[PDB]
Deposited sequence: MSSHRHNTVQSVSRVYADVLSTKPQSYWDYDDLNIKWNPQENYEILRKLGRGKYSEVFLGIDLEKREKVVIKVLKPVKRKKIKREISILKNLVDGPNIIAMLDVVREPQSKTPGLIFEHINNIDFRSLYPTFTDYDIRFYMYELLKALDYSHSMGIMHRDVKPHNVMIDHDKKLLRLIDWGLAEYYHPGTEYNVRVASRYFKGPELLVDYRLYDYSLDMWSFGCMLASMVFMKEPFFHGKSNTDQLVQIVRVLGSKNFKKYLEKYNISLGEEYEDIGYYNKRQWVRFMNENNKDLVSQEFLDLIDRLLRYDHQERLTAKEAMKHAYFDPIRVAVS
């Protein structure tokens, strides 16, 4: 007994990839047909990871602004995986639009969003600005989940917002992966402040519920005015900050339910009792904190990835009633 036989299957959108052609999910055999690259000239470097280098660009023929993303030519399966996902989510709500793909180092052309950084735009948000833009983020998450794709990197950095147009786009799909039921995925995904408990205990049978925990970490940070909500120094300490809030009783139960072998590096985790979400409320965030929010955030930040609210169920929560169009 090496693999785990106690296994999880997504409650929603479990078998959507089985109803699509092989060319949809088989990104390794995708055939990218490249367009001329001199139709786009680099203006300014927006930033860089070490998997990528994004720039501000010019569609020399269309003379609009676009964002070019030069990928490292060291990996191809990850390269064609991102192009595969963006091409499938081309007509999705609040999904970043991929306009072209060039080479001669593959370059991916995205639409430019006149956005403002998150460390400055969010502190200016009101109560209904949070409920609105998060609902728009749920629209993008629910679509790709319905298309068998989990983002696996939901964070305020990867969420562009054009507040002048009330526009939101979810970007950075380099970590997104297709969901086949029963698949064991890499746990080294997302970022520390938004990693789910399944990633910190090395439970590889996760589904779209991963993007849901990162969404809860975002919503809890903006409403409670604490960035990040779970502030951990390490991946080991990140789980401690989660057990500190959700308690140890439900954590050990989450492990016994899915028979997760918790490495005894987490033995130093002591007894923690579950806290009330109301304890994080102060004079600054008291207008953003509501009874509807405290209920929604309680059903989002769960150990059990199956008992968490789906993107569609979160949209129907009463917390978005003052903004939902009927």
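How would you list, in order, the spans of the deposited sequence that the model does not cover?
Gaps in the modelled chain, taken against the deposited sequence, lie at 1-3, 108-111, 334-335.
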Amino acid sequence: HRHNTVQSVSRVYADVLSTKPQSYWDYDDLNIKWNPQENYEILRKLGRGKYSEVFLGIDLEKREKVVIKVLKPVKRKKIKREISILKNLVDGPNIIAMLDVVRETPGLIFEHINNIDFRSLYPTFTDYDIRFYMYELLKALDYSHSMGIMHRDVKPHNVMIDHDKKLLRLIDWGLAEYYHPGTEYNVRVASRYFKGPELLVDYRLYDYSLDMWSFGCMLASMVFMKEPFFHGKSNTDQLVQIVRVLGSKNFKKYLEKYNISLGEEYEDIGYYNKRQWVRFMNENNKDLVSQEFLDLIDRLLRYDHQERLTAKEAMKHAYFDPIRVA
From here on, numbers count along this sequence of modelled residues.
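If you average the Cα B factors in the entry, which is higher, 213-221 or 86-94?
Stretch with the greater average CA B-factor: 86-94.
Quick check: 32-40 versus 287-295, which has the larger average CA B-factor in the record?
Averaging CA B-factors over each stretch, the winner is 32-40.
Can you pull the Cα B-factors for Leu170, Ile113, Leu71, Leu99 from the entry and say which is highest?
Each of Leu170, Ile113, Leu71, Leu99 was compared by C-alpha B-factor; the highest is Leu71.
Looking at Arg244, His145, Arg131, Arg119, which has the highest CA B-factor as recorded?
Answer, based on the entry's C-alpha B-factors: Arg119.
Can you tell me whether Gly196 has a C-alpha B-factor in the lowest, middle or highest third compared with the other modelled residues of the same chain?
Its C-alpha B-factor belongs to the lowest third of this chain's values.
Looking at the temperature factor on the CA atom of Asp153, which third of the chain's modelled residues does it land in?
It falls in the bottom third of the chain.
Test of reading the entry: by CA B factor among the chain's modelled residues, which third contains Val187?
Its C-alpha B-factor belongs to the lowest third of this chain's values.
Relative to the other modelled residues in the chain, which third contains the C-alpha temperature factor of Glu256: lowest, middle or highest?
CA B-factor rank for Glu256: middle third.
Would the CA B-factor of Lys80 place it in the lowest, middle or highest third of its chain?
Its C-alpha B-factor, which the entry lists for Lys80, ranks in the highest third among residues of this chain.
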